[PDB]
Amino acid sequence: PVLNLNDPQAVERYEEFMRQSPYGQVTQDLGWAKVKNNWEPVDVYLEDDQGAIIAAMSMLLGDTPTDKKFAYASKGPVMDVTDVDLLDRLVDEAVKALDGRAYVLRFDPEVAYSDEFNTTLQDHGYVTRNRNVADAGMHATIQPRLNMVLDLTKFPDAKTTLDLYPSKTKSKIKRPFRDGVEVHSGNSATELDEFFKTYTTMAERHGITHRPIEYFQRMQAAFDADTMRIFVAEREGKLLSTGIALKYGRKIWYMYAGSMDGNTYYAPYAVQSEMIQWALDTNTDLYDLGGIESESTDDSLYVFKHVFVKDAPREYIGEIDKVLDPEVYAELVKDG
């Protein structure tokens, strides 16, 4: 069925499935539509014989230079996507809800790449985008496909962040705290302003693009302080670095960061240490530091995140496209 967004009882039932699923993702929560307020939301689910939801897809529809919308279920659907027969049923529902308004339905679930899974998806008629577009770099896909994820279930008796790490890394983590860095956290307007100053400062420094403050304000209004937490590192009243982390499903996800110019006193290490501590304190399975370009010491993303994740990066299946209008699809998408 299609979710009636003006029906609060249906919406609470949909949200309760999302929030309790082991496949849940923040970008599949209905709150994500409130963040992406320039996109149009279309949400579908499937029920079992008892009428309980067993699968859901939150899509957002965006504009293109053509008559057709681009429909995108970010890190969705919420279900075991390897159970492809079930996936076809849910995508079938999504396609009926779209009503021919979109040229594609794209989803990019956090499931590992494998040759057999890629071949199955293609056999069921999906177009996949992963190792065939790898040469175009991290932005060949909308979300990074290679991700640095810390599996905390390997450390069932860890009490603090330092319990996860070799002595050499312990030292690195201890450094900012020894030198006076302190971290506080919350999800109020005060922390948001602190984040935003460091975010815009970093943005100008790396010469990259950055989101307006209203994006983060909408995200603060959508998610409570048990879901969204801003971490702020200072040394003796001086603002050094921040990070935004979202706790949802099986993971705490470090999504956004900023840091001031010049000497940061290794404050970004202190932010990570406290975000990891949050994951330990809430018995979260995973701490996700997010995307890298390549597993190489030439990639500054991998080098920094490799301090906290000694395992290999996780490589996901990438983008899975249900092609609905092939003429517009060939115009707008290149298959590498």
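Residue numbers here begin at 1 and follow the sequence given. The term rigid core refers to the most C-alpha atoms you can superpose between the two forms while keeping them within 1.5 Å.
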note = In terms of RMS C-alpha distance in 6 other deposited structures of this protein following rigid core superposition, 136-144 and 156-164 differ, and the farther one is 136-144
key: Stretch departing more from the displayed form, 224-232 or 201-209, Cα RMS in 6 other deposited structures of this protein (core fit)   = 201-209
query = Between 46-54 and 285-293, which has the larger average Cα B-factor in the PDB entry?
reply = 46-54
ask   = Which is higher on average in the deposited entry, the C-alpha temperature factors of 99-107 or of 205-213?
value = 205-213
ask   = Which one, 245, 158, 71, 91, has the peak C-alpha temperature factor per the PDB entry?
value = 158
request  = Using the temperature factors in the entry, find which of 78, 252, 127, 138 has the highest value at its Cα atom.
outcome  = 138
query = Compared with the other modelled residues in the chain, in which third is the CA B-factor of residue 321?
reply = lowest
ask   = Thinking about Cα B factors across the chain, which third does residue 168 belong to?
value = middle
message = Is residue 272 in the lowest, middle or highest third of its chain when residues are ranked by C-alpha B-factor?
response = lowest
query = Taking the C-alpha B-factors as the PDB entry records them, is residue 29 in the lowest, middle or highest third of its chain?
reply = middle
request  = Quick one: classify residue 187 as lowest, middle or highest third of the chain based on its Cα B-factor.
outcome  = lowest
